[PDB]
Amino acid sequence: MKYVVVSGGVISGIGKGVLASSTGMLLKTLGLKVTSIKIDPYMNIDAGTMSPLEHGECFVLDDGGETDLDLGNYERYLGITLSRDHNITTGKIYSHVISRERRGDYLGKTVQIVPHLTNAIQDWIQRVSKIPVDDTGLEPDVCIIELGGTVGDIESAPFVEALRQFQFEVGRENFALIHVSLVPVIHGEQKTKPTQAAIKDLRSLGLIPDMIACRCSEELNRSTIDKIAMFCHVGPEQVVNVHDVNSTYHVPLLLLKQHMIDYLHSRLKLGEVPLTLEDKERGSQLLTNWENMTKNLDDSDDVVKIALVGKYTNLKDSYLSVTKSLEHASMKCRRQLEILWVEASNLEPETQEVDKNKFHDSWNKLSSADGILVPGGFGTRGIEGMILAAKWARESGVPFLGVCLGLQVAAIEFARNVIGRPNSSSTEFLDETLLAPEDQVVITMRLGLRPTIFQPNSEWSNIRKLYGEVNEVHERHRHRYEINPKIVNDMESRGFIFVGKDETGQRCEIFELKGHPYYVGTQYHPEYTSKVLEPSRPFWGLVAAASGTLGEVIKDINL
Amino acid sequence: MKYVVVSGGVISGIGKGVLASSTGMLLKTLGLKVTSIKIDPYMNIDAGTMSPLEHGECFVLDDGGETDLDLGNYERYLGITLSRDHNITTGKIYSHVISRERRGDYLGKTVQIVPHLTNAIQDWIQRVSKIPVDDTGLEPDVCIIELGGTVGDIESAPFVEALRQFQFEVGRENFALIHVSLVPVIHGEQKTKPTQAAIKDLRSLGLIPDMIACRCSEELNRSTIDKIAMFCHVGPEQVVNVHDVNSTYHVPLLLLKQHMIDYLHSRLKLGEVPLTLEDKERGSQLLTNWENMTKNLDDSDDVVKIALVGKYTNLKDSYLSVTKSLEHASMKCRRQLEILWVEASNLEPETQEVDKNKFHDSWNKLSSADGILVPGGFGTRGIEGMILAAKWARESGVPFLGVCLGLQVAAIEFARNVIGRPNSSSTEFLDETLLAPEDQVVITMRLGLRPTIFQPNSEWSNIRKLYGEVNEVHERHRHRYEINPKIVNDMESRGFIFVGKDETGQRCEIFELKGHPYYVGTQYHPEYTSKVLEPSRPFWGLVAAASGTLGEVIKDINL
Amino acid sequence: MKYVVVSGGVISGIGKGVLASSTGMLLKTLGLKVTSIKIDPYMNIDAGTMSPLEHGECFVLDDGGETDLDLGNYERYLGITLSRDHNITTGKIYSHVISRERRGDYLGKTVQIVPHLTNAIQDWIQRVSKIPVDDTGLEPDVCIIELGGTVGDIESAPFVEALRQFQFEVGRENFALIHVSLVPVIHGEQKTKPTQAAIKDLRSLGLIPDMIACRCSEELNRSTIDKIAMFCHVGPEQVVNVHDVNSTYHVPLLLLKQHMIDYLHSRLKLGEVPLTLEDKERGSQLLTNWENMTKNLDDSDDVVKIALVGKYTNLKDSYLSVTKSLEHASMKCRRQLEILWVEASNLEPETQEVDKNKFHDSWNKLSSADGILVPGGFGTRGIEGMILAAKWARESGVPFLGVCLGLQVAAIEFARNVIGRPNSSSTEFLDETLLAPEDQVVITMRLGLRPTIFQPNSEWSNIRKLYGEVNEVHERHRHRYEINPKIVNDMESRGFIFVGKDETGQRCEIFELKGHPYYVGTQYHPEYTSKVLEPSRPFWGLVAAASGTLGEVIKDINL
Ligand SMILES: Nc1ncnc2c1ncn2[C@@H]1O[C@H](COP(=O)(O)OP(=O)(O)OP(=O)(O)O)[C@@H](O)[C@H]1O
Ligand SMILES: Nc1ncnc2c1ncn2[C@@H]1O[C@H](COP(=O)(O)OP(=O)(O)OP(=O)(O)O)[C@@H](O)[C@H]1O
Ligand SMILES: Nc1ncnc2c1ncn2[C@@H]1O[C@H](COP(=O)(O)OP(=O)(O)OP(=O)(O)O)[C@@H](O)[C@H]1O
Ligand SMILES: O=c1ccn([C@H]2O[C@@H](COP(=O)(O)OP(=O)(O)OP(=O)(O)O)[C@@H](O)[C@H]2O)c(=O)[nH]1
Ligand SMILES: O=c1ccn([C@H]2O[C@@H](COP(=O)(O)OP(=O)(O)OP(=O)(O)O)[C@@H](O)[C@H]2O)c(=O)[nH]1
Ligand SMILES: O=c1ccn([C@H]2O[C@@H](COP(=O)(O)OP(=O)(O)OP(=O)(O)O)[C@@H](O)[C@H]2O)c(=O)[nH]1
Ligand SMILES: [Mg+2]
Ligand SMILES: [Mg+2]
Ligand SMILES: [Mg+2]
Ligand SMILES: [Mg+2]
Ligand SMILES: [Mg+2]
Ligand SMILES: [Mg+2]
């Protein structure tokens, strides 16, 4: 087992998550089996309790774990499945040793942060890195650890102490440290004192960096490389840079151009790892596929515009799996994507009195779009604006996908306007008044990977053809509210077909509307099962439908 | 409310606990109401799970809290009652904020060590210092906080960060810092660089010391004072020393000789605290009583020897409340005390084969003693040796006190040798063989302050006369095993009278033997209710009985 | 005497020098007498030995001290005269205590960085701040100390230790700390962890900041202020920002808008300083003059273009007094300035073979300009290019000023082309060949403030009219080479009049050419005597001449 810590810097926004995911995928090009662990200094047990306004969305695993967003970067670059154990936190590990001290496994000893908590962290990392995470039976060859927060924040102290010990409690040449660090530019001169201070803060904790990975708005000067490589122990080829490029898929090839594998191939002795003839082929094949999708982003120009309608769209981190799911679906179509970020509340007619500027801009953006997405996220702000987007998309025949809350919004819209029930509404917020036209109801969560069964007549639907006309689908759920199953037959008779349901019925999971080119919704989040070469099927439907060629996509999928 | 932090140094053994207790009692000489809080960086919720081989005994509060030993130093110097809340720990406060984050009181925010855990520590200190701790109704004027561990140990980090904030979240002139620090002597020269480094480690965390309290084997030189007072912000009178004197009761008067009150009277503005005419009298009266008991230790010479028989007596911290209870009882008698530390196992005849030196020395020490104590502490090592000490004390008519296990050992001894049941024994360790002559049985703990009722005939006993012939007694329990109540009438008929029991009966709490000058035992720990001017009654009995004058002590108590 | 330390941050490029100069001038608006001290962690005794390619130009004082560039910012904002003592360095103070230890003033004691070097720094600051620096007789009321380098660089250690002591060796309310710090913006979010780390690094040395002065590309958010004011001891009004505005003259009014005086007026108790009725008037008058010159930069639009021709013009810090002298002269004319930065070598015909792009651009820039400046700076690169600019300016009748080397270049040009001596040249670089047509000769430096006497016939010259037709001028020299006084009568007969000379003659200091609107040169640096309200006279000539209205400027000066 090899370990690669990706760590620290001078700021919390530095973009470690891209570099960790990219470093792991580059190791996967050698054919190595790879896994990864995110460490969070926060005291929350999970990202589930904490609101999307901080650290972006929670990400859902097959376990039903509501983990930190960074686990999604690993799953979509590395192709692996992660467990709720792969997101370590301060909350998890203090809860673990405190529950263990009350149970008494420490034999009446005094329990202390060193050695007992730092040995508990090292036991967690040793257990969790040996969980098999590919579909194959094998234990991973390499583990990427991403150390969240910044080095020398008091929040991090047990993890920087544990990782010092770990560099010896596992062999050297089985452990290596990448430090990620800020190189700000002032008056056009590339200033280095922030990264020199961060390299000292690592040495103060006994962590010694094997590569320094600069984050900068420029190519590093050869003087900027030398002034760091002379201050730190790293050689000139071990001062990595990652530029402020928009395409995060280019980062693996920007690291490969900087010869970063050729250092880790020595520094971790990756030639001593045994590999089969299948492994080297499936490794090199994966690199050629990534050269092709990045070539397609360099030379595809013909924009498809998708409008994304939701709360707090200024927090673009709040929708990162949607963004990445749309980008995978646009690459599969060989088309460039624009996302138009529509703050759903500004669509509402009250905005035309309160701030007439925001009203006209938000309705410009929505009218402009070749297809529409309503992305999910609980909370009562802007839902009539999201209902207005679903209405516009139904009436103007514009491709629509509704994910989680977006499906319920389309059901409420179709009830208010096509069934003509003018006060039909979500149970989430009006039930203090005990309303009879319930569109949502409660059914304390439904979470993680679940089976959807396609209902027997559904063979016609564009969405069931996108799932290869298979009878069942596996996707990740997260909801407490679902469509009222008393009203379902009214919608299924008026043409809004609930194409798929849970095994028990009375719990709707996919709809497609008869008489529209692509108007679809899902109760699950299709984003989380997206992979770079195999996009999320409902999103491959939406981004093909917006472009045209949805028939040719379905004809392809029938091979 | 005023706060006085006592803190840190270069080593964990430095003796903060004496200085905190002494500083608080000196503030009590002004008539101020005083309280105190111990902070422990360990992850244990309580000292109850952890074995006496580390940090000495657990101390029992009236709550039944098995707290850190340092709470006992506060109760016996300050005269206060502490709650299980007055011992803060890493385990307590991480358990508190983690349970609070799962309950969700933090409104979906990300929870972090700063500000959320440091604000939870500051809320704990603010709540707990306002608990009334004297017998009177009033809230305390001053709180002493003792910061356990050492400054810049990673274990301490949330508490040194919290206390920086606290210096502002409560006013300056309502908070002050005492730093306690090591001044080692090499070649007879008093070296200062360890304390200069500890003063820098405080400044690095933003904590600024108002007094530096040196711990040294000498009087500080005036150069040793100046070389510290020139390096640090403290004036010459704010460099305190506490010498390696044996009598810890002299420390309050050694601080008073160094004019330490006259600094805090300015630095905390203690003249602005309102005080009544009763308060100043009961304050100054308390100082004169302490001048008298310390004068008596300077001029009493006529030694009483008590042998203390138990496990691990090399760990003299394991019996600190016994030691202090014996010292209070010897001072009340105006007699000097020697304790003879007898490792109970060495009394056993197997020792005479294994190491004949340890056998003869341990039996020398036991034969030498004017009275005998068997102190408690669970675990099967040496119990036949403790039975042999109880036998010797019964047969030779030598004063005996058995506390907790020491009472059960005397019951087992009296059963084996006076009732003549040769295999009668503790249920604690032989019950894998299901023995019928059970002396102990289980009755998951009995803990904290409980009532003992004296059984109706008991008026004759020296122990009930020592409790003023009152019908009931309040003392602190800690046990899972008690005397088999089926066998009690056999002992009460053979003369081993169970003088006191729980309200329900079938649970024995005090015995006295008919036909011995003072042979007594208690199921409770009488040590924990000892106070400097009012010693523990069973121990005032033992140390009077060893000296003679037990009648005159009882005649006094009848006033 | 009051002290205001301006300090530190995360980077060496942060712009402390503007903030120190601006803070001092704002204190001068109260009428206080002000002075300032620059501390440099470098080991050079002076900036004289070190080449202009690092830390910009050396600045010349009236003493002849070749000081750090930052002393010029103080002289031109504060209006004061500085001595070579006002630039403290590591080289100066270690040379001082080492020479003092060899002389033995330390009475055979062991000499150490603390207390002896830190007390030597504190003695330097106490001596030097009491030097009178205005033209009046008074000792300064306030001293601004600028701490060069960054805090926690090992280079700085004696100065951060000395300044901790100084906060007590002078009273609190007579000392205050401004910390200047970087607030980088990433994804449009204003990240604060670099400044939180810099505030900890101050506390680690015992320096406590009274204001935090952010340097950022934006207005701080009110959340960005609160997240710093909650972490540090500073109040919300003590988190200062200085924006990336181009006009450094706006910074005093941006600090005044942030109410920064109203904090220091309390925190330094500046109302306790006695002030006369003249002082408050000359103080408030100075503020109104600064409101006017800044209003003129807001509403003047009619550009004058000056081409500056020299070595290494990419290092714009290399010519900072030229830049500021041109800006003062353009403000006095009520006209906006563009400087066109012409790398002098690119003008040379060899460039048209080597890189034809750089040739055409440099000759575009020179042809475009309303006036030309040749700025000084020793070294043989580009001098024929500077000769070509002097030729172009003479022949096309375009206003020309030559400063130091720029005068000698114009003398060489006039000799090569108007006297027709085709190989006449500088002695600086050809004298290995012992050439007879010497234009320069050596006359080991001439340095500091010196008298120029105007030669008797010179009453006609635009340059002597710009100096008010006074018979003598006081300006700062710096040169080893001067015009060959054997050839001077040839130039004075051909019309290139050496209008001014040293008292001894044979040493030429000003020329003006008969028969050109303004073609002038100086051996001294006129830049260094520029002040915001009273620009350098040769530069007020150049920037008026380029604009037209040179007659009206001279008519004004005759009042
Ligand atoms: N080298 C990079 N190139 C492009 N974008 C980057 C880069 N580094 C960081 N980012 C971007 O900055 C944001 C944060 O990056 P990332 O998640 O990898 O940082 P992080 O250190 O893991 O932050 P966090 O601790 O909050 O998870 C993301 O939007 C990411 O795409
Ligand atoms: N000034 C002193 N004079 C005499 N004995 C002292 C002194 N300081 C410490 N000691 C002794 O050293 C031991 C530890 O002292 P104390 O309990 O006060 O230290 P502490 O800092 O509180 O240690 P801990 O953190 O383990 O509780 C005790 O036996 C105590 O009596
Ligand atoms: N607030 C600011 N607004 C505009 N420019 C600034 C500001 N702060 C710094 N600069 C610019 O950055 C450069 C360096 O600034 P300054 O000389 O004041 O920094 P410094 O800390 O004194 O650097 P050094 O230590 O090298 O002297 C100069 O060009 C200056 O004009
Ligand atoms: O204003 C001043 C005065 C003095 N000094 C002095 O500090 C020294 C250290 O040099 P810097 O502090 O400029 O650091 P650096 O260039 O090595 O690092 P970067 O942050 O640019 O990567 C020398 O340059 C010396 O003149 C300053 O840096 N700035
Ligand atoms: O062996 C050596 C050589 C050099 N030095 C040098 O270090 C210096 C600092 O002096 P010290 O290190 O002796 O420190 P100090 O006496 O101030 O502090 P204490 O620890 O005794 O309280 C000077 O004494 C200088 O000679 C040593 O201290 N020891
Ligand atoms: O990637 C991760 C994982 C965990 N953490 C964790 O570290 C914590 C500290 O939060 P930050 O490190 O983001 O710091 P901050 O926002 O207070 O400071 P700025 O630098 O933005 O001014 C919490 O946010 C917790 O989730 C991260 O910061 N990043
Ligand atoms: Mg943040
Ligand atoms: Mg991340
Ligand atoms: Mg220990
Ligand atoms: Mg203690
Ligand atoms: Mg530099
Ligand atoms: Mg400067």
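- As documented in the archive entry, the model was determined using cryo-EM at 3.3 Å resolution.

What about the relation of the copies chain B and chain A?
Then, in step 1: The two copies are related by a screw motion: chain B maps onto chain A through a turn of 180 degrees and a shift of 0.0 Å along the axis, at an RMSD of 0.0 Å. Put plainly, the chains are arranged around a two-fold axis.
Then, in step 2: A share of 100% of interface residues in chain B that are also interface residues in chain A marks the association as one of identical surfaces.

Quick word on the pairing of strand β15 (residues 400–403) of chain B
Residue and element names in this part refer to chain B.
Then, in step 1: Burial along β15 is two-sided: the face carrying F400 and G402 and the face carrying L401 and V403 are both buried.
Then, in step 2: Two elements, strand β14 (residues 371–374) and β15, share three bridges in a ladder whose sense is parallel. Within β15, the residue paired with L373 across the bridge is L401.
Then, in step 3: Between the parallel elements β14 and β15, the chain passes through helix α14 (residues 383–395) in a crossover that is right-handed.

Looking at the sheet that holds strand β5 (residues 87–89) of chain A
Residue and element names in this part refer to chain A.
Then, in step 1: Overall, parallel pairing links the seven strands, which are arranged β5-β2-β6-β1-β7-β10-β11 in an open sheet. Strands with a single pairing partner mark the edges of an open sheet, and in this sheet they are β5 and β11 (239–243). Direction aside, the axes of adjacent strands within the sheet are offset by 20 degrees on average.
Then, in step 2: Sheet topology places strand β1 (residues 2–7) next to strand β6 (residues 142–147); six bridges connect them, and they run parallel. Bridging across to β6, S7 finds its partner in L147.
Then, in step 3: The strands that helix α2 (residues 70–78) touches are β2 (34–40), β5 and β6; relative to β2, the one it contacts most, it runs at about 170 degrees.

Brief notes about the pattern of salt bridges
Then, in step 1: Under the defined criterion, the tally for this structure stands at 100 salt bridges over all chains.
Then, in step 2: The salt bridge involving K324 of chain B is made with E327 of chain B; its shortest N-O contact spans 3.0 Å. Placement of the pair is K324 of chain B and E327 of chain B together in helix α11 (residues 320–332), with a separation of three residues, close to one helical turn.
Then, in step 3: Of the charged contacts in the structure, one is a salt bridge between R446 of chain C and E509 of chain C, with a shortest N-O distance of 2.7 Å. Highlighted residues: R446 of chain C in strand β17 (residues 446–454) and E509 of chain C in strand β21 (residues 508–513), separated in sequence by 63 residues. This pair shows no difference in class: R446 of chain C is buried, exactly as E509 of chain C is.
Then, in step 4: Each of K38, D40, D68 and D70 of chain A takes part in salt bridges that share partners, so that together they form one network.

Digging into helix α3 (residues 90–103) of chain B
Residue and element names in this part refer to chain B.
Then, in step 1: The end-to-end C-alpha distance of α3 is 20 Å, a good match for the 20 Å that 14 residues give at a rise of 1.5 Å each.
Then, in step 2: Along α3, the residues classified as buried are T90, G91, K92, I93, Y94, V97, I98 and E101.
Then, in step 3: Sitting at the head of α3, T89 places a side-chain oxygen 3.0 Å from the backbone nitrogen of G91.

Section: the relation of the copies chain B and chain C
Then, in step 1: Expressed as a screw operation, the relation of chain B to chain C combines 0.0 Å of axial shift with a rotation of 180 degrees, fitting to an RMSD of 0.0 Å.
Then, in step 2: When the interface residues of chain B are mapped onto chain C, 100% of them are again interface residues, pointing to one common binding face.

Topic: the site of ligand 4
Then, in step 1: As a matter of local geometry, ligand 4 sits amid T192, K193 and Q196 of chain A together with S12, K38, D40, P41, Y42, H55, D70, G148 and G149 of chain C.
Then, in step 2: Mapping the residues adjacent to ligand 4 onto the chains of the assembly identifies chains A and C.
Then, in step 3: Between ligand 4 and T192 of chain A, the relevant distance is 2.2 Å, taken from an oxygen atom to a side-chain nitrogen or oxygen of the residue.
Then, in step 4: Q196 of chain A has a polar side-chain atom sitting 3.4 Å from an oxygen atom of ligand 4.
Then, in step 5: Calculation on ligand 4 without its partners gives an accessible area of 590 Å², and the protein chains cover 78% of this total.
Then, in step 6: Sorting the residues of the shell around ligand 4 by element identifies α6 (193–204) of chain A together with β2 (34–40) of chain C as the ones contributing at least two each.
Then, in step 7: Its residues assigned to classes, the shell around ligand 4 shows two nonpolar, six polar and four charged.

So, how was this worked out
- Residues numbered from 1 in each chain as written, not as in the entry; some residues may be left out.
- Chains lettered and ligands numbered in written order.
- Part of a larger assembly, values for the part shown.
- Heavy atoms only, no water.
- Least-squares fit on C-alpha atoms.
- Contact = heavy atoms within 4.5 Å.
- Buried < 20%, exposed > 50% of the residue type's maximum accessible area, 1.4 Å probe, protein only.
- Helix = DSSP H or I, 4+ residues; strand = E, 2+ residues; numbered from the N terminus.
- Pairing = 2+ DSSP bridges.
- Right-handed = clockwise from strand over helix to strand, strands pointing away.
- Axes fitted to C-alpha atoms, helices over the stretch in contact; angles between N-to-C directions.
- Salt bridge = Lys/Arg side-chain N within 4 Å of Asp/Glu carboxyl O.
- Expected span 1.5 Å × (residues − 1).
- Polar contact = N/O pair within 3.5 Å; in protein donor to acceptor, adjacent residues only side chain to side chain.
- Near = heavy atom within 4 Å.
- Areas by Shrake-Rupley, 256 points an atom, 1.4 Å probe, with all protein chains shown as cover.
- Nonpolar A, V, L, I, M, F, W, Y, C, P; charged D, E, K, R; others polar.

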